[PDB]
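As structure tokens, one chain now follows by itself in the form deposited in one PDB entry.
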């Protein structure tokens, strides 16, 4: 105590940085974008080569979009199921390594500069099915793992429903489950038993395909972990109407007596559309969900825990307040803001799954409740440099207004590439940006913005692969409020991870400089 002598080497009693505060960087790249011969990226060789490339840069995070079966436009954010994997990500070459295909069965390569889901489906699906058929017919080690997977209660609580939904959908010629006969529509037990008898093989194959996705995704994840790379997944806030999630959990969505949505999702007039984004997903009956401690949402997060080290929460503002549009409407601009579940949801998640690493996508209309909700759960938010040059110096996306507990992006999958953005940028905004940023040639504008993200105080900086490749507007992943021509971008067939040492070295130099290695 006060006045007395210290021990010796008091001089070596120095502050030790907290390992959870470690500065880092990463790349945003959806696996559909990998090059290869089967019309779409997959969880095979290119994923592992990408991980190796990423590791060589010093980056320690890979962010993907939702891995759910996408809508027919390719959107991960209107998925056909909330928990299933997109089976067209399954690598045929990896099935050959597993003994479920032979090399001779692999199709002839097709050129596909961009992903066409219908072309990839026709090519891959017969061989995926044939591999699943060999799996369920076999009686050894892999079959034994299939059975563990399917009897595991944290799988079967969603996978059984998904497989029955898919089987009924295969049985019926109908637009959606709204049109289904009453016993199937409302999941009468003897109807489900009848479906099990008449569709037994389809059900066993669907389940086998989910196992194969799981298996291959987990190999990619462990390989990333072996190379010092965390994977950040993405949890879309809404699911599509035509899904097992809505059909099997009707009471938990805002549907009428006949199962039709009263209200659908979106946002009011914004940057991307002067009539708003009319997403058109069904909405959650949050009060009903509260009555069984949000178990559907809890199950979702438990699933995400199993796939990802960390998870982005899409449209995070929607848990404080959400935009609700009448279901008959043709534009989002007529609508009401409604009260979200708030912290009560995250308390339920904590109680059910324990410790989670979540990233709030807090972009959009950010009201006081949104900020307070984010702070109350300790989650980092986002900054996007492409938004930084409207308004004045109080713009939160400007570097000097960044926070430590935050993730900085050059842009997301919703934004144009940096070059594309620069190219159409308003002159007032462009002249601003020239003052803040360190710009050499306009060819390398993407690198100027990348450097600005890396120089930030934000703990994590994430760059889309398109910007590392210096690509233009044609490489944009998604344009919000458009219905066609999205989610198709692929790494050009000529660009290999072997041909990107210059880019790797340049990233590593910037990470070294800004203490992100």
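For the two forms, the rigid core is made up of the largest set of C-alpha atoms that agree within 1.5 Å on superposition. Residue numbers count along the first chain shown, from 1.
Keep in mind that the form deposited in another entry is not shown, yet the notes after this line are about it.
The residue among 329, 384, 142, 192 whose Cα moves by 2 angstroms or more between this form and the one not shown, once the core is superposed, is 329. With the core superposed, residue 505 shows a C-alpha displacement below 2 Å between this form and the one not shown.
Residue 11: CA moves 2 Å or more between this form and the one not shown after rigid-core fitting.
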